[PDB]
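Just below is one structure, and these are the notes that go with it.
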2 protein chains.
Amino acid sequence: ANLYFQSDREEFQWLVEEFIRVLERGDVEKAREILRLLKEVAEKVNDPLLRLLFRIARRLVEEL
Amino acid sequence: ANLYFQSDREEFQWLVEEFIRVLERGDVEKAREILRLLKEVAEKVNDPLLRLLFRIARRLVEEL
C-alpha cells in the first residue's frame, strides 16, 4: 500500500518530477540513483511508455 | 482521425519509439525534429507524464 498516491502510475510521475528536479540542479549522481526507483515502479505498470521513459532518462544521465 | 492508432496516447508511444530509434542511430538532427511531433501529441493528451517525457527528451537532444 502507498497512501500518498492513487496508483503506481502516479508514483511514477512523482519520481519523474524528482528525477527532473535533481538533474536540472546538476546533481547527476542523485539522478542516477532515482533511475532505479523509476525502473522498479515501471515494472509494476503494464504501460510500455514508462519503460521507454526510463530508457530516455537513463541515456540522459549517461550524457550529462 | 488516425486509423493507425487507437488513441493519441498510442501515437505518442509510437513517436517515442521513433525518437529513440533515430537518436540511438546517432541522428541527432532527426531526433530534434521528432520533438515537435511529440509536443503536438502531448498537448492533446491530458497526461502530465507525456509533457515530462518531452522535457527529458528535449534535454537529451541538447546533451548529445
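Chain letters run A, B, ... following the sequence lines, proteins first and then strands; every chain starts at 1.
When side chains are defined from C-beta on, A/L53 does not count as touching A/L49, because their heavy atoms never get closer than 4.5 Å.
Hydrophobic clustering (ILVMFWY, side-chain heavy atoms < 4.5 Å, transitive): A/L64 and A/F54 are in one cluster.
Every residue two or more places apart in sequence or in another chain that forms a side chain to side chain donor-acceptor pair (under 3.5 Å) with A/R36 is listed here: A/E40. Under the side chain to side chain donor-acceptor pair (under 3.5 Å) criterion, B/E62 pairs with B/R32, not counting sequence neighbours. Residues satisfying the salt bridge (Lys or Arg N to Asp or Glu O under 4.0 Å) test with A/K44, not counting sequence neighbours, are none. Evaluation of the salt bridge (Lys or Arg N to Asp or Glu O under 4.0 Å) rule for B/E63 yields B/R59 as partners, not counting sequence neighbours. Annotation: salt bridge (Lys or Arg N to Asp or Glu O under 4.0 Å) contacts of B/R55 (sequence neighbours excluded): A/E24. For A/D27, the salt bridge (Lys or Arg N to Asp or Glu O under 4.0 Å) test picks out no residue, with sequence neighbours left out.
No more than 12 heavy atoms of other residues, nucleotides or ligands lie within 6.0 Å of CG in B/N46, so this atom counts as exposed by the packing criterion.
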Donor-acceptor contacts under 3.5 Å from residues 10-22 of chain A side chains, at least two apart:
from: A/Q13; atom 1: NE2; to: A/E17; atom 2: OE2; distance (Å): 3.1
from: A/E18; atom 1: OE2; to: A/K30; atom 2: NZ; distance (Å): 3.4

For A/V28 and A/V61, run side chain to side chain contact (heavy atoms under 4.5 Å, CB included): C-alpha distance rounded to whole Å, both residues' side-chain angles, the deciding distance at 0.1 Å, then the answer. CA-CA 7 Å; A/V28 176; A/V61 166; 4.3 Å; yes
